[PDB]
Each structure stands twice: as structure tokens, then as C-alpha cells.
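Peer 1: Provided hereafter are the protein sequence and its experimental coordinates.
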Amino acid sequence: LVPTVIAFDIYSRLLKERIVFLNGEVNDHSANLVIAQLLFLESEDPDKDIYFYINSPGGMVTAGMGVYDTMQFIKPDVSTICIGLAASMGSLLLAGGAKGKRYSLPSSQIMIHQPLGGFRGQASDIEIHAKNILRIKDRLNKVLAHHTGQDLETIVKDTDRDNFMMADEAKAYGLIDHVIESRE
Amino acid sequence: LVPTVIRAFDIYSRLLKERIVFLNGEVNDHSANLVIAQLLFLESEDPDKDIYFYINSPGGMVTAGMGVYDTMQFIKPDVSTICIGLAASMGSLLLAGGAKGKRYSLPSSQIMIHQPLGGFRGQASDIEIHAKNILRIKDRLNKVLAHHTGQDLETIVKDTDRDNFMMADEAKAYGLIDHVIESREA
Amino acid sequence: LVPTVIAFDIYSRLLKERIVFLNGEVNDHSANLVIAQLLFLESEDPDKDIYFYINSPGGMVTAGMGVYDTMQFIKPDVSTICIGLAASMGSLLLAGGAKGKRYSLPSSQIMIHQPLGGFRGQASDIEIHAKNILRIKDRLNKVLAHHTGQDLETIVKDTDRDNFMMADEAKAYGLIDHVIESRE
Amino acid sequence: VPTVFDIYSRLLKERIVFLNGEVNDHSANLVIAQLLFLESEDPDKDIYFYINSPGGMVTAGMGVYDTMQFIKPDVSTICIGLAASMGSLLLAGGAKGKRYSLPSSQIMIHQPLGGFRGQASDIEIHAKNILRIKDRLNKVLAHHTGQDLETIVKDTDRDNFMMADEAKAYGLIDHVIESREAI
Amino acid sequence: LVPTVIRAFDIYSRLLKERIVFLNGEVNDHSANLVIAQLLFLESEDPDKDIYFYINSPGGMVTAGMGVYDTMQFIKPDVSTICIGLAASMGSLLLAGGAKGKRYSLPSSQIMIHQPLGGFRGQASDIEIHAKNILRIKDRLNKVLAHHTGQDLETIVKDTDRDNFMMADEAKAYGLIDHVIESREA
Amino acid sequence: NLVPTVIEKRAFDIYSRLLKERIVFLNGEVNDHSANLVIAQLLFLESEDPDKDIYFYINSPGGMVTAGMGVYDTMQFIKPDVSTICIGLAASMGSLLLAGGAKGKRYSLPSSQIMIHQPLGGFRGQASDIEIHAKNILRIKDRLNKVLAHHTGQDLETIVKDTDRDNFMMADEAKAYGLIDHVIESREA
Amino acid sequence: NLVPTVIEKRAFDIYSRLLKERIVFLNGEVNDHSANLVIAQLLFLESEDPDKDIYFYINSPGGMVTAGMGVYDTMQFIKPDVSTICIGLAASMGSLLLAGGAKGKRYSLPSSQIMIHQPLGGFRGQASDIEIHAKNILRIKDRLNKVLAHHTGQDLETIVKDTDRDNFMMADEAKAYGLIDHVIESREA
Amino acid sequence: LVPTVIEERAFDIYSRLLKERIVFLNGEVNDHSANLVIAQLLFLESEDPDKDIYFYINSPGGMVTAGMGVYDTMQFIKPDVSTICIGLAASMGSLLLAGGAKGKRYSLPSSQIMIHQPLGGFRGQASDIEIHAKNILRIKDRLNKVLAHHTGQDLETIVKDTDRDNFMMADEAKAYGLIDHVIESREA
Amino acid sequence: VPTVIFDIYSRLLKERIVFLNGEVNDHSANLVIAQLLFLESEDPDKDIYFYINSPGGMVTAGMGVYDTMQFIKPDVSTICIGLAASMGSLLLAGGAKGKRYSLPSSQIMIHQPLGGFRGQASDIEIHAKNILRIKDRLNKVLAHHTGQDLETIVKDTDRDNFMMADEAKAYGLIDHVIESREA
Amino acid sequence: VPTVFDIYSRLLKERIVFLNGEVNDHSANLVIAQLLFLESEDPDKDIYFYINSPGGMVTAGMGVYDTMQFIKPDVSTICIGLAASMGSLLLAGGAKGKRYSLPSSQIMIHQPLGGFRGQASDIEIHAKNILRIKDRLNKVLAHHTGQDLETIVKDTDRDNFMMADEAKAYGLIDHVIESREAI
Amino acid sequence: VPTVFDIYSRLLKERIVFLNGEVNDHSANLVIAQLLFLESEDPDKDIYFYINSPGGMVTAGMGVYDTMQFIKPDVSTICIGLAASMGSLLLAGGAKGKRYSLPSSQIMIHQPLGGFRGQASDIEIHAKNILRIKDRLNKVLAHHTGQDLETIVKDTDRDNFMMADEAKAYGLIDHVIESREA
Ligand SMILES: [Mg+2]
Ligand SMILES: [Mg+2]
Ligand SMILES: [Mg+2]
Ligand SMILES: [Mg+2]
Ligand SMILES: [Mg+2]
Ligand SMILES: [Mg+2]
Ligand SMILES: [Mg+2]
Ligand SMILES: [Mg+2]
Ligand SMILES: [Mg+2]
Ligand SMILES: [Mg+2]
Ligand SMILES: [Mg+2]
């Protein structure tokens, strides 16, 4: 369990310095917590940068798109910093940070790919969910193309299967802006 | 559990000497393949004589079932179908695909038609491939029913969107069977 | 497991005397076995009575209606004999024996009631299955009215809940014709 | 199951039938099939019904009991170990003067067990039925034992175990036998 | 897990001081009742000020959800709804039932509408009672959506027969929300 | 881990805040735990002010009859009027507690479902024991029905007939049956 | 307990009867057991008559690659032509065995589904061990593709591209792809 | 289930092929499966000591003690036991294959043959861990020596090549010395 | 279980070959015993060939087999065909003098008995005492058949002790290691 | 968790951080939060990172490793029990000249574990990635130990356990300390 | 657990530390944290370490042993129930002259337990390592008991159970203590 300082828990103390963590999978709970923290920080000061550290294998697309929209929505710039892994919705959040303020530590791993899903039921219902998952796939691809500056087709091609990049490769792909090794 | 008759046979083996075959319970690879084996056997014994295929099934796997349908249409002998209890999903498809004029049901049978079920989990690309395939199959099954019942394809499509239960006399008016028979005497 | 005589199993030996057993629940397997035996017996001789002993708590309506239709369909009269319990599809099979040849031993229990079922899913699908189960209920009631000579309404009223009768009460209701205590 | 056909079929050829283990639809029906079959082979010769059973389903058991009374042959009963619940009912329902027990057997009588979950209306219905069954079971015992109904009602309120001689004194069996060579 | 702010509050308690309330995850008795409590509280603090109800929910129990809908319409303050991720089943119903003109969604939200689910097992009589009830409720829910979206009832009925997914801009054209907002600045 | 929580200045949550205003919630199934919580709150409010009305919001599928009858009795027992408000479902013991609110102070919001029906139970055991519990569940069925008859004003026979199976009512039908007094749609209205 | 069964005059079932006519079935998943049964039957038929064709009916979703390749090899190995008939599904190893039937003697009934795709596997362990099994599953993927390329007449590259994901074909499309030679609808036709 | 052939004397398919001195190891090596093979071998020898026996193998391997008994029996009985791989021969499976009669070890063209070291392990006291560790090391060395002898490879080469799972196609197996011939068709 | 002109085990039984294969339990032990008694009925003076591939198992069941081997007239020769550990290695060593065989690749293991009791101190004491008696008798049986001193056996069975076939011969657990039938 | 706030927070006030038990996203993030926080309080004072860990998730661990290099303060590391897998990587990545171990500690290095089930194409992709990760992990160790890459590759093929002095000799730590009072 | 501060934190104000129950990473690390803290508060004052434990993980437990040897304060140990496996090794590793046991305690010693599943190669590595560990703990026992290594080895082959008086005689503790006043 979490350490206390001065009386805050450790994460509360960092929140005081506008530092937010996404750690582990993206689900409704973890997404909402991040969103509440971002809204809180904007309330505290709508002009100061926020620092959003990411270490996530991804998870639920709808939960994650909420976090992503909240980032574009609030007034403060949201700088992103990958501190281990950003895959699936992880990489999308990372790449959706404020322009020029997307970072990774040197040894992180970044992974992009297409949506996973599935429905059992009537042919009719499978059609409906298959069409919708196809729309979602196209729209995630368009968010990646926008943030990376890659062509849509390039994004499509590169997400067909699990695509793993080191920090330096992700910066060259446009998923982030800087690899940082030292505070200095 | 199956009683024996004597030079010893089980009850089903004995009824098979009279060209009676059953499909009972779920359509799966095991049960469908058994029927196919019997039909091939019956054809081998006599190419001309009717076969009597008693059906009481909630349906099951489409591919397994379609093997039985193709075998019925394939072999020389006429396969007469008789519903005895239930024919639903692939069950009613097999019922409807019996020899022209030789599709029967006992008075209390329930007959149900509807669209295929399935679904996959996986990458969106995989889900797309399987979605398209289930659509082709849904289409092909409706065309089978249209052909055997005499209904328009569009009518079939409308009527199988959700589960559709029919009494024996309604299934006859619909074209899924030819005769409702209540008495061997009649 | 089952005894051998002379080489038959015990049930095979009785089948030689046109005796068929329904024992335990009605399902696709037990129903089909009975049906195959009835068809077999008619094949052997289409004019001799068949004796169909019942001890069943009932079970699946579609499986059971097949057995019932097969009884009315084949040429031989099918006499019925309750030897313990006939409830649900059990009582319906018993009562559907050949006119004047429906029997029970003195201590049997006979039970009638309405259909049980259920579906989870969309409102639309629940409607479809609710309508169908209502048709089935009405038609079972009409089979009982026919065989007992009771009014439809009487059958409806008396099957609303589990209705238990001793052998003598079932004979007075018309579910059977005779209570027999001794072969003589 | 030794071959000699199995051992039980060899004994069936000498008009010997076993009820061993619980009464359920399967074990009860098997017995009924053996009784109808013995009647069919010879309608006048005695039948020998060996019972070792903790009992079980009432309806399945009552079918066996009724068949015993229905067929022409006398069904002589013999307890070999335990006759409890439906077990003691079948033992006691044997042919007059021909109910036996090996000496170390236990015989237990008691009231029906059951129960339903659901609406009160349905519980009431099932309560009334089991109460009827309770009563009929008592009357069957009063009949085969020669005991007053009131006595049976009282003696079956809770589990009641008897040794073989006690079951004889009570009217559940006619004889305790120790040796075949004894008259 | 919920961070604290200082005289100490959890993050949600703090946002509640700004009249922000969340419904997140499934609608059940627990989550619905929490929202109701907050709405009653917010009304008590100030009867006139807008409340901002952020929704991200796949839906859930109809009765629990309808308590939240009635409470929104009941209390003095306007409840403004903002979809942030997903609004489906009861979720989209709550979204659509926000104050007139004050129903929003972020650009990437998915909004889905459809008919109720349920079902009972039991006696046919019981199944009939519950079947009729689910039909009344299905009807009442469609009438709620018709009223808030401005669509004809018949249109609603057609469009909720099966799951119906909409992007934010489609939900606005449909009437489920009033505005798509991408930027606090705009 | 309660929510949302203002700490002491183990925590002060939204329910404790509302309880400060004599607002009590029964949410979810009625069992020994949830019933006793309500009782404790009712007694405490009576202790703070005997005169002032209490507002009892109900959203419940019901549950255990004994636990529920403690709540019903407590409501009648304490000095304050206990106003009932249905905010989603009042089924089984739920609907009984709703109907047992102070006279003329029983409310529902417009979309609530109110359901009445007979008790459910069950016992496995000896015939004797089944007889005993069968008689008892019938006395309780009778008592529950008498309670509803008293608060609705229907005849007992009417209650009996209407509860033989699940009986769903909308809020307006509940008012016309006498289970609540007012359907309220808006605070200002 | 086999079916349906004529005893000796442990039993003589419908499959044994049909085997008397050189008819063999692969039904359901391909595993060590089901594959070996087919092999045994094939060897036995070769022993009874080396010259006479064998009729191999397939209805299978496929399964284990090693077990399946024994069947494929045995078919090519024995003297008799082995005719293949698809009677429902030939997927995965199923479709391979179908395509591997004697030249010009590979059939499907009209409604069959034929599916081809790449192998599936998986290993948990040390990087080294994952490397080894990864290389191997790629050699096998290559071999499977070469087999289909040989029997269909497609170029290897075509096979590779067409099997990257599940690829469903109707019977007539399977014939045009070269996986079977004839779609047969009627015995007399 | 297993088909039947009548002569009336009914036997299952496997018994019928046994009349032609054909034996199958199919699936995992364990006490039950190894023993049946051994019983058959003993039976075939008694029936005719001189005639070759055909041992078809499709096996992922399994229990080493069970396997070594089959192996010892092959070497022990008078008749030559010819081995044919039909699918897979891994672990004890490849050992049994390779241990067939000199020049009469076959595989079909698509078989995979895999060799590697033994697996096991005990849980308990350090003393027992030690005892079992020493044993499994002897067994590892013995197994290696056995392959070396049948393949003709030198011991060190075997050791190097079995440190991790090592998968071979049939032709690579012939070249390694695990089998003598790859056969594609009966006529050739 | 293949059929040859009954099963292959029944066929090899016609030649006085018996297998213990897999663990020693009641069922598996009784089968062996039954076959020993049968082979004796058939021919009292003819040798029996007892094949062993066993991890051992239940001591009491095993001792029944061991005793039966010494009780019947026929010499029971033992052949280890893979593994003989625990009771397995005891049955191997208890074969007829000079007729104990192993194939070359067999593993043979001896150790002390394992057991378990939970309960009262008194009951633990009683069972502890008895397993110690049994440990002792087993060491005595091995000492007698090996030629080894009791104290050597005790030292050597304190923990699992694995021997290759030639080690077991040198130890005295078998008499011969055989590689080919002709030799 | 004793109060003095808990014991770990009291020590955090003296710039002491613990990694205890497996590395996963949760335990790794906690540490990172403590490192960013100490940097924030005082960017020049040394940090004391106590490690007792069997290791765990590579990505979670690499985040901790990177943060250690990124922050201004020197992160001095101390092994207190075990440092295996990611544990020995974090210990070894400590500030030059300031990597310590209590004397009885075990230090274990080895290659990555993983694996995927699925199509060959996907297995190939995951195989290549873990091979890259294997390599980078080796290069990190070669860097902090001063060892040749080839040496690391060979010494991590299988589990490799070292005692504290062996880990020092190997370059994984700088000092084995026994007493605080010792210089 | 009661509040006075919970009860344990209260006793910690007097430099009392409990190890109670199994030795694992969590319980071991708590103890180490308390040791370092107490050294921080006063580096000269004795610490009292009560031990009631069946033992458990060696690596976790040797962390505690080393921390005891390493901090400036003397660590006195007191067995109050059971000290088996790693438990008895912590008890025995107390400050010289300050190892106690209450009169009814059981102390037990024996060799380590473990064992891997896998390839022979891997089994051999973990076997060799557990044999080192075994020898190492044996030397520690010999060191603190004053016993010869051969003796420790012989006596820990199987579980060895001693009463408080037997343990003191064997050298695992210095004093059996029955009443605070005496
Ligand atoms: Mg922004
Ligand atoms: Mg035809
Ligand atoms: Mg008739
Ligand atoms: Mg009689
Ligand atoms: Mg409002
Ligand atoms: Mg009051
Ligand atoms: Mg060929
Ligand atoms: Mg040889
Ligand atoms: Mg002897
Ligand atoms: Mg640094
Ligand atoms: Mg010290």
C-alpha cells in the first residue's frame, strides 16, 4: 500500500505538482480516475501544463477515448511521458499529448495495433457489431495519423498486427517528440 | 440402454432394416455423420426404396447439418422426412429438404425457423472475415428454404429474422412439410 | 446394471411380450427410445396391444409430444399402466393411452400442471417465446380435456398449480380407466 | 460382476431378485422388470426378494410394493443387512408368513423426507401432499404389521432402529433365520 | 486509490464542490443511488445552479436508471449531461434526458440505443406476467426517447429493435444530445 | 472505502451528509444488515428531534420478511412521521415499507415500479417439520396481506387475490390502488 | 457403446459395415487418436486390395498438424488411390487432407465450406525456447503451404497470401482454386 | 470409436493389423501405452521369432522409465523391430524410433523428429533434491549415450544437440543418423 | 486391448506371463494374485514369468502379492521391464532364487515406507509404532532376499536409492541382467 | 504496518525507498512515485533504494530503471535478501560506486521469460520482440558491470545464482557491507 | 488490533519488534524496516525482537539476519512460542549473551526445502544452489551455537525439536527466562 507524506498519500502529493499517472490497464475505473484528476487540475489552474505519466498495456477503447477527448478538451496542455510500456490505448493516449510535449524514457516500449472485440449471437447482431468495430478501427487510425503526421494508409498497414517500437523508433514514427534520458 | 432383438441387433439397427433412420437431439459432427453413414448404407442396400428419416432436433451446427442435407439430395433413394416432436434451426431445414411430396409431421410437432447464430472474438480484421461468412451462409440457408417451401426469398428473409414457431398445420401452409398425419390408418 | 436371460437383457425379453417402459425423466434420449420401441412393436404385429408402463416425473414437452403422437399414430392400441408416478408429460402420456385401457397400480401418484420454461434476451424475443409457451399450454390443456372428458376450463383451473392425485382420484377425473390391485 | 451371464442372472434363473442400495427410479424399475418376468415364466412358484437398502424415493418404491401385491406369485422377502425407509416398507409388504431376516440385520422405520422452495401457495400444496403420503405409508405398515395406526404414527415420528428379533416382534417380518439346515 | 485534496477530500468529493457528478460503469442499485444522493445534495446546496453530470456507462438495470432519470427531472437545478466515452442502454437514456439545450458529448463518444433485456424462468403464467411488463417498459422507454429527441415514436421503435451505435455527431443529428464539444476554448 | 468523502475536520460521506437532513435510504435488497442500518438511523433521528418528519427513500426488490418487519414496526413506533419516497423499484418487502409510510406522505417519482406478491420460502426435512414451516409461512402471508390492506384501504380479499402472483404497477396505478398518496414529478410543481 | 450395431453372428457397427466397402470417415477434430484410426483403416484397406480405390469422407475443423501429416503421408504412401469427399467442413488440416486426395478424385458436396489458413501454436518459456519453437512453426507454415501449392497448382506466393487469415470458400470456389476437382450434387447425375 | 473386421471371429482394426506383425505407439508414452507395446512385441516374437516386426510411431514422448522398457524389449526379442515414424517422434518417441533395427528405421516424408534432454524434478528436502538431481543426471547421460550409439554421432555432439528442443524434418533426421530411409510410396 | 486368435494379456497368460504395471493398489494387487492362483490351478510345477514395471504403492496390497508368490508351488520368476521402486522393487527381489531378472535400462529403487495419520496423540502413537514395525519387516525381507546385512539395508533405504540394473545385481536385488534372448 | 504515518513513510522522510516482492506495474509505479517525490524535495541528496525482489515484469522494471538514471539524485542501491531477474537489473543500475549488498544476499541473472499463443505470424512478431528485449537487457548489464556483451549473453542463458561477494567480483555491485560501524 | 497508536506501534516506542507467523517477503520486510527505524531513533540502545514463527522463505529471512548483524544496536531475541526453520536461525543470530526463550517454547532446526521442475540442466543448477545455501546456514548455526559443523550437519538432516532448556544447552539461546522479576 501507498506511502504518506507531509498528510497526503504519495500520489496526492504529486498531484499537487500537476503530475497524473495512468498505470496498468485502461478500464472504466482507471480511465475515470485520470479524467477526474485532469478536470481537477484544470480547475486549479487552467493554464499550467499537466504531466501525465503512462505505463499501460491499454484496455477498453470507450473508456480510453474519454481520457483522450478530455486531454484535448481541457485548457491546460497535457504533456505525456511513457515510463515503461504504452500499447493499445496506451500508445494512443501517449501520442495524443500536447504537440511538442510528448516524451518517453529511453527503455520504454510502445506498441500499436487494431481493435479487438467480439460478439456471439444472431447473424444480424454480428453484422451490427462488425460494422461498428470497423468504424472504430478507422477512427483510431485517423487519430494516430493526425498525431504522428503519417499517412492514413501507413497507419493502417502498421497496425494490422502487433507492432512494437523502442523509444527512439516511436519518436521517428511521430508517436512522441523526445526521448529523454536525463533531467539535465 | 438400447434394447436388443435377435443374430442380435439393437432396436435402432433393427428399424434400420426397414430403412428407418433417426436424427434425435442436437445436430453436431457426431450425430450428423451417423445419419450420413446410415443413408449411404441404405442407398447401398437398395437404390430405389424410400428411406424414412424421423427428425426430432433443436438444430445445431450448420456445417454438420448441411452435410446431411447434401447427402439426402445426393443419394439415389428418396428420403422421406417425418417430424416427431421438434424441428428447429438445422432441424427444420432437414425436414423441409426431404423428397418433394414426402415431408410429414405428426400433429403435435413444433417447427421453428430462424437465422444462423455464431460469432468470433478477435482482431477486427478477423471479426470482419467471419461476419461476411456468416452473412453468405445466412443467405444460402434462406435460398434453400425458399426453394423447398416455394416461398419468395424476401418472405423467407422477413420470417427468419427472429425465432418463428409453427404448429404442424401452419408449417404445411407455409410449405415446410407436405402432410400432417395423425393416423397410420388414414 | 441389467440382468440377462434366455440371450436378452431383461427389458429386451419383456419387449418380446410387447411391454415398454418409460422410467424417469422425459428427454430426447428417453423419448426416442420409447418411440423406436413402439414403431418396432407395430412392425412385429400391427394388431396386438402394446403395454406401456410409466414411472416418470415428466420433462421436455417437445420430446414428450412425439411419444404421445406416436401412440395415436401406430395401429396397435397402446395400453398405459402407471407404476409409481406420472407427473407433467408423465400424466399426459398415461392419459393418452388407448380408450378404456389406461391403468394405474393402487399406490401411484399422478400430477398435472402447466408448462415451465423461460428465455433471457431482448423484449422482442421474450414476446415470441411467451406467446409460443401460451399456445403450448392451451394445446396440452386441450389434449387433457379430450382424454379425460373434462371441460377445457376445468382443465385450465386444475393445472394452474401442481395438482396431485391418488390412483382412485385420477380414475374419477378421467386420467385413467381402472385401478388394478391384482392380476386376478 | 462374475460370469457363470453374470452371477445375478444365474440367480434370477432360480427366482432370486435383489434390491441392493438406494431406491430410485432405476433400481426400482429393474426389480419390477424381474418380477414381471418371473411371473411370466411361472405364475405359481414363489419369488425370493433379498433386500439390503437404506431406502430412497417413495414413488419408485411404491411401484415395487404394488407390483409385489399385483403379481400372482408370492413374493417372499429377506433382509440381508439393512432395511430402512422404503427398504422396510418393501420387506414388510412381502407375502404373509414369508417375510424373513438374517439375524444381524437392522430395520428402520420413519416418516417421509422432502421439501419445496417457492411461493407459499406451492409450499402449501406440496406440504399437503407429503402429509397424505405420510398417512398412506403409515396405513400400509399398520396393515402388514397388524399394529394400530396410532402406534405406527408414534413409532415413525423419528428414526426407529430395530434388530431382527425386534422387527419380528413388531410384525415387520415373520421369521429370523440363522441356518438353512434349521426348521 | 482515489487521490485526496486538502479539511481533506477525495478527488470526486472535490469535483462535487463544483457541482460535477459522475456515472461511470454499470447502472446498478449502488451506482444509481450514489448519483441520486449527490443530486439531492447539490439541489440542497444551491437550487438554481446547473449541475454537470458526466456519463460513461454501458447501461444496466432499468429500474435503478429510471430513479436517476426521475431525480434529474425532479430537482430544481438543471442537470447538464456530458457523454465521455460511452452511453448505451440506460446510459444513453440518461444522456438524452438532460436539461433542454444542455446535453453534450465529447467528439469520440459512442452512443447506443436499443430495447430492454430481461427474461424469467418459471411457469407459463409467470412468464406471461413478466412478458407483459417488459413490453410496457419497452414502450415507456421509447416514449421517453421520443420526447427528448423530438423523433416520432414509430421512428424510435424501428431504431431500437437491435443495437444502434452512433458517433457523437450522429447522436446530435438524431436529437440525443444538443452539442458536440471538442474544446473548452471554443 | 466510502464515497464521496469529506473527512473529519472514519469519513463523512454523501449519506451521512444527507442524514443530517433527516434523509434515509433503503437501497438494494432487504437483509438483516440493511434493515438494521435503517432502524438505527430511524432511532437516531427520533433521538435528535422527535417532532420532525423523516424522509425514507426506497429503491429495493425486497428480501427477508423478518428483517423487513422490524423496519416497518420501527417506522410506526417512533414519534416522527416517516415519509416514504419510491425512487426506482419497491417490490416485495420494498412495496410494503413504501405503503407503510405516514398517512398522506407516501410518494413515488413518476417512472417507479411497485410490485406486490406473496412470500417465498422453502424447507427441506421431515414431513412434520415441513408441516410446521408450511403453517407458519401461511400465517405470515396472512399478516403481510393484512398490513397492505390496512394501509391501502383495500379489503383483505382484494389483497389476497392481487398478490397470488407478481403484480407490477406503475406509479399512477399504485396511487389508485392506495399504496402511495402522491406521484410527484417536479419539486417546484 | 457403438451404433447402430449388428453383433457377431465387440460389435459390427455402421462404420465397420461401410469399411467393408472401402469407405473411411474423418469426422470431427484431427488428433493423435482420430488420425491414427484413419491410418490403420488405410493400411488395412491396402492390405485387403492394393488396386482398389478408397473413399475418404471428410468433415473436420482440422486440429493437430503432426497427427494430420501422418494421414496425408499415408494417403500418398499406400498403393490405392485415396478419393477425398468433403461432406460438411474441411478446415485447417481438414482442407489439406481433402486437397491431398488422388489427382482428379477430390470431391465436395454442394454446400460444404472449405477453409485454409496458417498454423496456430504457442509456447511459454525462456526467450531461447520461444525462438526455437518460433523458427519451427515457421518451417511448418512453409511446408503446409508447399503442400497446398503442389495439389492446387497455385504458386506458393499465392498460397501464402491467401492463408494469412481464415479464408472461407464455398465448394465451387474451392474447385476453381484447385482444392478439389469436382462438385457433385447427385449420384445419378 | 474403433472399427471391427469379421472372419464369425470379430477383431478390432488394430488386432487385424497385428496379424501382420504391425504394432502402433500412438500418443504419449506412459505405463499403460508402453506396456501394451511390450505385450504385443512379446506376442509377435512367440508367434514367429524370425519375421520382422513393424513398429509405427507417432508420439510426443513421455515417461522415461516406461519408454526404456519398450526400448529394452525391442533390443531383447529375437525378431528385428523395424520402426516407422508417421507424424511425430519426440522425447522418448525419437529414442524409440532411432533404436530400431539397423538399416530398418524409417520415416514418412512429412514427419517431425525431436530430441532434447529429460525433464522432471522433485520438491522437498535438500538431501532428496540432491539424490533426485544426481539420478536424473545419470539418466540424461545414459540417454545421450544411447542416441550416440544408434545415430553414430559422437557423444559431445549429441550433448550439444539435446541441450534444448531440437526439431528435425525427416531428411535432416536421416542425415543425423536418427533413421536410415525416408520413404514416400510403397512401390518405390 | 487387442484381440488375438481374447485380449493380448489373456493370450500371454496362456503362456504363464503376468504383468504388474503401474501403481500397486488393492485392485492391481488382487488381479495379480488371482492370476497367480489360476496359473497354479492349471499347472503346479510350471514356472511363471512375472513382469514388473511399477512405482510401488500400497504396502499391504503388495505384501499380499509377495506372500502369494511364496505360497504357491510354482516358482515365480521376476523380470523388471522399466521401473521397480518401493513395493515394486520388493516384489522383484522376492522372486524365486536365481530367477530374478532385469533388462539393461531398468531403474530399481528402494526406500522406507511412507504414511500419514492425523488425529489424537494416542492414535498418532499407535500408527507411528505400526509403520515402524512395517519399516522393520520390509528391511528384513530385503535383507533375506539380497544376502545383505540388516544394518546395510537400513542405511541404504533411509532415502530414495536409485540403482541401475547392474548395480541392483551387484546389490543382490536381481540375479541376472539380460540384453538379448538368444544369449 | 506500524504507526510512528506508517513505518515506510517515516523511512521515506530519510530518503529510504523499498522494492520488496515481485516487480509489477503497481509495485514499480509506487517506487517511481517515491523517486520523483524525493527529487522534488531535494534534488542533490543521495537516495537509498533497498531491493528484495525475485523480479517480474520487464516493462514495469525498465520504467524504474530509467527513472533512476533520469533523476538528479544518485540512487544508491542495497540488496537485502534477493535480487533476481529485474531485481538484479535494478540493483546493478544503481549509481556508480554506490551499489551495495548485505553479505547473505542472493543475486540471480537470467534471460527473459514470455510467450504468446496464436497464429505463426503473431508468434513470429512476439518472438522477435522478446529477442530484442533479451539483447537490450544484456547490454544494460554489460554497461553497469563492465563485462563484455558476449560474457553477459553466456552467463544469462540459464538461471545464474551468485552470493554477495561473487556479485561484487562480477560487477553487479560495488560493495558487500557487514556493519554500519565499518569503513 | 487495538489502539492506545496501534498496540504494536506503541511497543515499538520501546524498541520491541515482533516477528509472528510465517517468514515471507512482507513479514520480513516489516521487521527490517523496524530495525532500521530503531537504529535511526537511537543507534546505541538495545532492541528486543520477539519471535514466534514456523520459518519460511530463506532469502527473506536472511535479509533480517543480515540487518540484525548490520545495524549498530544489539538485537536481543526472545522466543515466545515456536522458532522453527528460519525462525530458529533468527533466534540463534541474536546478540551474544542476549538470546532468550520463555520456558514452554519449541525450537526446531533442519535443512532447507525447495526444488524445481524442468530440464535436468535447470534442476542441476537449482540443486547446486540449494546445497550451498544448506552448507551456509549450517555454518551460521555452528557459529552462533559454538557447535562443530559436523554436529550441526548431523542434527539438521531431519526435523529436530528441542524444548527451551535443550536449546540453551545446544547453544541456540543463552537463557531460558521464566519470570521478569528473577
Ligand atoms: Mg488540452
Ligand atoms: Mg435423394
Ligand atoms: Mg394407436
Ligand atoms: Mg403377489
Ligand atoms: Mg431538473
Ligand atoms: Mg411514526
Ligand atoms: Mg495413394
Ligand atoms: Mg530385436
Ligand atoms: Mg512359489
Ligand atoms: Mg540519478
Ligand atoms: Mg547489531
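Peer 2: All right, it came through fine. Residues are numbered from 1 along each chain as shown, chains lettered A, B, ... in the order given. Ligands and ions are numbered 1, 2, ... in the order given.
Peer 1: could you check whether stretch A:78-91 is close to chain J?
Peer 2: Yes - with C-beta under 8 Å from any C-beta of the partner chain as the threshold, stretch A:78-91 lies in contact with chain J, specifically through A:83, A:84, A:85. Where you see a C-beta, it was placed from the backbone N, CA and C, and this is true even at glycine.
Peer 1: Drop anything exposed from these.
Peer 2: The neighbour-count criterion (16 or more other C-beta atoms under 10 Å in any protein chain shown) marks A:83, A:84, A:85 among those as buried.
Peer 1: Could I get the contacting residues of the last one?
Peer 2: Under the criterion of C-beta atoms under 8 Å, 6 or more residues apart in numbering or on different chains, the contact partners of residue A:85 comprise A:55, A:56, A:57, A:108, A:109, A:110, A:111, J:59, J:60, J:63.
Peer 1: Just send those residues back as a markdown table, with secondary structure too.
Peer 2: Below are the contacts of residue A:85 laid out as a markdown table (DSSP: H, G, I helix; E, B strand; the rest coil):
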| residue | secondary structure |
| --- | --- |
| A:55 | strand |
| A:56 | strand |
| A:57 | coil |
| A:108 | coil |
| A:109 | strand |
| A:110 | strand |
| A:111 | strand |
| J:59 | helix |
| J:60 | helix |
| J:63 | helix |
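Peer 1: Which of the residues of stretch A:78-91 next to chain J lies at the shortest distance from chain C?
Peer 2: If you rank the residues of stretch A:78-91 next to chain J by distance to chain C using C-beta to the nearest C-beta, residue A:85 comes first, at 39.1 Å.
Peer 1: Grab the nearest non-local neighbour of the closest one.
Peer 2: Once flanking residues are discounted, residue A:85 sits nearest to residue J:59: 3.9 Å by C-beta to C-beta, 6 or more residues apart in numbering or on different chains.
Peer 1: do you know how far that neighbour is from chain D?
Peer 2: In this view, residue J:59 and chain D are 52 Å apart by C-beta to the nearest C-beta, to the nearest Å.
Peer 1: how many neighbours does the residue of chain A found nearest chain I have?
Peer 2: Distances between chain A and chain I by C-beta to the nearest C-beta are smallest at residue A:1, namely 37.4 Å. Counted by other C-beta atoms under 10 Å in any protein chain shown, the residues lying close to residue A:1 total 8.
Peer 1: Repeat that for residue A:120.
Peer 2: Residue A:120: 12 neighbours (other C-beta under 10 Å).
Peer 1: show me the contacts for it.
Peer 2: By C-beta under 8 Å, 6+ apart, residue A:120 lies in contact with B:117, B:118, B:119.
Peer 1: was I right about residue A:68 contacting residue A:90?
Peer 2: No - Residue A:68 lies out of contact with residue A:90 (C-beta atoms under 8 Å); the separation is 11.2 Å.
Peer 1: okay, those two: which has more neighbours?
Peer 2: The residue with more neighbours, out of residue A:68 and residue A:90, is residue A:90; 27 against 23, by other C-beta under 10 Å.
Peer 1: Let me see the contact set for the more buried one.
Peer 2: For residue A:90, the contacting residues are A:22, A:26, A:54, A:55, A:56, A:57, A:58, A:110, A:111, by C-beta under 8 Å, 6+ apart.
Peer 1: gap between the residue minimising distance to the centre of chain A and chain G?
Peer 2: Computing the C-alpha centroid of chain A and ranking residues by C-alpha atoms, centre = their mean puts residue A:93 first, at 1.7 Å. As defined by C-beta to the nearest C-beta, residue A:93 lies at a distance of 29 Å from chain G.
Peer 1: Hmm, that residue is touching residue A:69, no?
Peer 2: No - Residue A:93 sits out of contact with residue A:69 when judged by C-beta under 8 Å, with a separation of 10.9 Å.
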